[PDB]
Amino acid sequence: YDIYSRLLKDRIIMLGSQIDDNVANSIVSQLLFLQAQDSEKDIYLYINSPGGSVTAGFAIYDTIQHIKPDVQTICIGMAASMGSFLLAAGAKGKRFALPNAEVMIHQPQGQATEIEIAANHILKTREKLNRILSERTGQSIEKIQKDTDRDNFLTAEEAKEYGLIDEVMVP
Amino acid sequence: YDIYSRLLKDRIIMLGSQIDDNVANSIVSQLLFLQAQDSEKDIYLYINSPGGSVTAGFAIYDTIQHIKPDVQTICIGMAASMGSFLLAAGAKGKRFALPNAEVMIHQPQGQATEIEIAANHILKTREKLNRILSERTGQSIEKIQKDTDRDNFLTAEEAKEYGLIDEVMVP
Amino acid sequence: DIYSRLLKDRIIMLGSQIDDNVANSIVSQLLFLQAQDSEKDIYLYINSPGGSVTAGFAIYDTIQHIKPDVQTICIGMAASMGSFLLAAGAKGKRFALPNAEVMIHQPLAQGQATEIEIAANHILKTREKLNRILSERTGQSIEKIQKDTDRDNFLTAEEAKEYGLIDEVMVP
Amino acid sequence: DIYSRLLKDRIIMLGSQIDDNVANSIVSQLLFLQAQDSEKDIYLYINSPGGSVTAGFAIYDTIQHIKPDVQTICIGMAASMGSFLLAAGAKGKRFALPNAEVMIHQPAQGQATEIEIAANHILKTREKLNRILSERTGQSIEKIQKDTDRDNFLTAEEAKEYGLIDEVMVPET
Amino acid sequence: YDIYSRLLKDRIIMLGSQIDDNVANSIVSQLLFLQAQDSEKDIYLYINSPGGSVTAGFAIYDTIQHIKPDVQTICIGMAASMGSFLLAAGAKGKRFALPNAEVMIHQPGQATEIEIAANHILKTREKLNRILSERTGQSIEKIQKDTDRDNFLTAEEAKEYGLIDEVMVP
Amino acid sequence: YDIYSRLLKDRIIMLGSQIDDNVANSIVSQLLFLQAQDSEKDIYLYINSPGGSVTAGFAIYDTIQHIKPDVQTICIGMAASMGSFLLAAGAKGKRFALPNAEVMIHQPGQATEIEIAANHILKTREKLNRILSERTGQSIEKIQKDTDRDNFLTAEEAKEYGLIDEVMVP
Amino acid sequence: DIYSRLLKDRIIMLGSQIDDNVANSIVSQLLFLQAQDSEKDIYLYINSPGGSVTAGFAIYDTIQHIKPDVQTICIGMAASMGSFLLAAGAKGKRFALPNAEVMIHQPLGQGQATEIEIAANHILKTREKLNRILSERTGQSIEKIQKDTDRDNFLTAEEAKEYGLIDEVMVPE
Ligand SMILES: [Ca+2]
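Protein chains in written order, with the entry's author numbering: chain D, 18 to 125, 130 to 192; chain C, 18 to 125, 130 to 192; chain E, 19 to 126, 129 to 192; chain F, 19 to 125, 129 to 194; chain A, 18 to 125, 131 to 192; chain B, 18 to 125, 131 to 192; chain G, 19 to 127, 130 to 193.
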């Protein structure tokens, strides 16, 4: 679509699909582009994703944390698994959801190849997810481990109360 | 294509297919872009939709309510399921249909993934749909509960009488 | 390429089966042309076997809604919803080329219509509203239209003028 | 690409079977060119094995309706509807190159829709084709009836003497 | 591949595939475009073609002869059947091949049902031989024999035969 | 896509897939283009790759070493097989990984029969090992050992191993 | 989109099997750059496992024909027709990168060659002309080349220089 090109001028990135390497490459490239345009101005990352690959999600995570600009995260529909992980990873005080957004932190995948899955288990990237979520939500590692194994769906309000977002955007 | 892009210049968006995640993302992006262009001028959402997925439809709904410009809604052919919900969700006074439009309130999937179905069951989106509809139509939620469970087809004039739209546009 | 250039001349071509995509595109073009200039005429050329009635009504309603006069010109053919849109053009401004073939017969499902669309038509009785508009725009009685839209009667351009479906056959 | 640049030169290329898609494309180019300038000649090159008669009649009628003269020029082939459209050019301005192959035989051809085939027979389009061909070749309807019911191939010079075209374009120098 | 539109600015046309109706329509369109742009300047037609449809080849042949500009023909790799025919059809004195080009005048075709019927009733095989005779300076009798056999010709032998005017030497 | 052309203006090259011939040709072309634009300014090569073909990987490797501009390598996500080899081949002091990047040096990615035959005859594994040994500061004995096993490394471990120079801290 | 931009720098990339499509592309780019400037060098980068000899001879002939010098650089692999086009660069201007792989073997006859192409190869004895050309350009005896062309002969960049296939190995800096 020609629309996502216009939105880059507004420093808006839409993450509206399952997260695989292709998507990760696209989002990362968009993040580096906007940093090159203007290293100071905020970026707006709208999220409607059911999740996906963990190494691909970490690629985006790492790029959000590395670049100079504050990356604002705004969930518009769903944020599950890596979707919700990236939602929580946005700039402090600047993580949002619309009132009818659905958030799940269950971390179960996502067209991941042999090499990726091998890396995940060997470098125990799941423990790294749990540890990062714990830091960014304030929850204990033990509560994070428990909830990421479970299939709990949170309303926007329940997501704020959990510490995944900062503010529910009520009209 | 080039017509919708040039139509976007007039702050017109066309919602003319079933609503899935792709469509929602597109409509949401278009709404955010038009807000970014001018935060004050009306937006015209044209609707010819058999409906689609609830979580996709709520993403559009939330965006309409979130943005500063008021989104005028106009049914040209059909609004069924989520299509009619979106029609009823336009700026008050600014909801329209052409004389031979067909509106159906019945909410039944729109290629909704199993994660989305689970979320909607758990978060009780169906009761929420009924409630929002009753607020936007002026009907009691009991009337809404009944009418959304049967397949009730309404003319543009009947949908006006029902409160789904404000006016039938005059030839 | 050619169609975007024609759009500048306020010319819209309807040269396929009418389904929802086509209807959405035709509706869009009509809206764009009204936004471009509200006073100048639009030229809708029709070569269509017909299709979906709900899609056709979407185009019909838009033609009647928009400000500019919409001229309808049949090239090749106008069957079912195709003939309905041809008869729906501005009065005094509905045309057919000499060898055009017009058919009023409304089938008994077309335009690869969805389950939801078929149900709406039978419940809201669109077949009767079609027959009503046709009689109003041709000058024939409702019982004449009712019989003719049930039959597979093919009309020449001149017979279609006699019928009231068009205003004039265009002279070479 | 090349075809859009050619359209600036008021050149239209008809190089395939005739269906509704092609007919609509040709019809639109003719209307565009008339909208550009209504006095200057149009140059319609024809290399076509034929196709749908109702699609063919749409092009035919459009040629006769617009104000500019439509010169027709056969390169390669003009069979069935192709040769009918060749014969449909502005009289005096129908051409073929020396090695062009013309066929007048009229055979539902070329992915014609079910409604179209029925329309052909009911409105008796075959009689109209014959009568028009007769009118613009100068040949009698009886001769055209016989010649269109046989697989009848003609050279460019034979097609000229038959009256289908006005001149064979012999190359310089 | 947008290289071909760039070459068109330099009045260069590439015929580097099997000759069918689509290729014919394409080549004919470029030739007409190049005449419209400028009717005086030479056009350069490069050939690497195994041949193809006789009626499609004839459409190209006629357009070459009909347009005002001189069309140079340059064989770069192969010119077989209709390919070699179109090579022999260039402006006189301006038909070339590169030193390692392969040229075959044997005529066996990627035509259609209607096209095949036309070729045989109108006797296009005789028209090919006749034109080959006119443009090579060879007799109808020799050409008839050679177009029936699978004689491959070097670039030098094609010059000697009269299919080209000069071999293009490094 | 389309974003990648804009990134080229910033002298950024994304290597975010398996390395086959088409990918190598593309990366090599982007490197040559950027050198041609400016021979002095740094190039940034972002790597997210499972690796792939040895011949294709060496094509990129050689071009990185040949061109004038310093090529910075930045691992985002993963660098395995040729991916990690290309990561280790960045300009000295300008090889980086993000905190959560996964690095694997193990050498076993869609390559023709000719290429596989070439690899074993011309002893390309011995070449890889020697080059890795030269750019990490680890011995050939050590690198021969670690290339055989499926040892994954964190960004910090990759730095300690000598594959990268720094981890990029948020 | 880099290739079109790269073409502004007089750079051509041959990165696949050689067939008629590839050859017609390369030939076109060579002819384009001549028309652009006939004096400045052209840079042909080679990463090719070979292909059709007819297609390769088309490129070869065009390289020799045009005025600009064509520099050849092997980046990854040059096999069969790939090697041949490598050895065919301007004298003193044939290069390979240090880890390039070169094979002179000319296969059992490649690259989707048509029955017409294969017939011409055998009749016009195209293999003999290849061996003759390689001999002239490597400075080796036709006897040695005939032997090495019949074996699967993989060479390093340095060995290719010692053979005479290239003039220099491009040393990195
Ligand atoms: Ca720099």
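All C-beta atoms, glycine included, are put in the ideal place defined by N, C-alpha and C.
Which of the three DSSP states, helix, strand or coil, is assigned to residue i?
i                 : result
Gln52 of chain B  : helix
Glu179 of chain C : helix
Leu62 of chain B  : strand
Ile44 of chain G  : helix
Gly159 of chain D : coil
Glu57 of chain D  : coil
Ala114 of chain D : strand
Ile165 of chain F : helix
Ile186 of chain A : coil
For residue i, report the span of its alpha helix (DSSP H) as first-last.
i                 : result
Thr90 of chain C  : Premise fails: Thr90 of chain C lies in the beta strand (DSSP E), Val88 to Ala97, not in any alpha helix (DSSP H).
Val120 of chain E : Note, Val120 of chain E: premise wrong, no alpha helix (DSSP H); beta strand (DSSP E) at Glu119 to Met121.
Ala76 of chain B  : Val71 to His83
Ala140 of chain F : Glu135 to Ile143
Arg23 of chain G  : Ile20 to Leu24
Considering only heavy atoms of ligand 1, does any lie closer than 7 Å to the CB of residue i?
i                : result
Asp59 of chain B : yes
Please classify residue i: is it buried, with 16 or more other beta-carbons within 10 angstroms of its beta-carbon, or exposed?
i                      : result
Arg28 of chain G       : buried
residue 128 of chain E : Coordinates for residue 128 of chain E are absent, as chain E skips straight from 126 to 129.
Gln124 of chain B      : buried
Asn39 of chain E       : exposed
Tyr78 of chain B       : buried
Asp59 of chain E       : exposed
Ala129 of chain E      : exposed
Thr194 of chain F      : exposed
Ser98 of chain A       : buried
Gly159 of chain C      : exposed
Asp19 of chain B       : exposed
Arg112 of chain E      : buried
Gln132 of chain D      : exposed
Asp37 of chain A       : buried
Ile122 of chain B      : buried
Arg23 of chain D       : buried
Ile93 of chain F       : buried
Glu57 of chain F       : exposed
What span of residues does the beta strand (DSSP E) with residue i cover, start to end?
i                      : result
residue 128 of chain B : Examination of chain B shows a numbering gap from 125 to 131; residue 128 of chain B is inside it and therefore has no coordinates.
Closer than 7 Å: is that where the CB of residue i sits relative to any heavy atom of ligand 3?
i                 : result
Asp172 of chain B : Looking for ligand 3 in the displayed structure turns up nothing; the ligands present are ligand 1.
task: Report yes or no: do three or more beta-carbon pairs, one from the region 52–68 of chain A and one from the region 179–193 of chain F, lie closer than 8 Å?
output: no
query: Is the region 72–88 of chain A in contact with the region 42–58 of chain A, if contact means three or more CB pairs nearer than 8 Å?
result: Because the criterion of three Cβ pairs below 8 Å is met, the region 72–88 of chain A and the region 42–58 of chain A touch.
task: Examine the Cβ distances between the region 166–176 of chain D and the region 141–156 of chain D and report whether three or more of them are shorter than 8 Å.
output: The answer is yes - the region 141–156 of chain D touches the region 166–176 of chain D, with three or more Cβ pairs under 8 Å.
message: Can you confirm whether the region 134–141 of chain G touches the region 97–104 of chain B when touching is taken to mean that 3 or more C-beta pairs between the two stretches lie within less than 8 Å?
response: no
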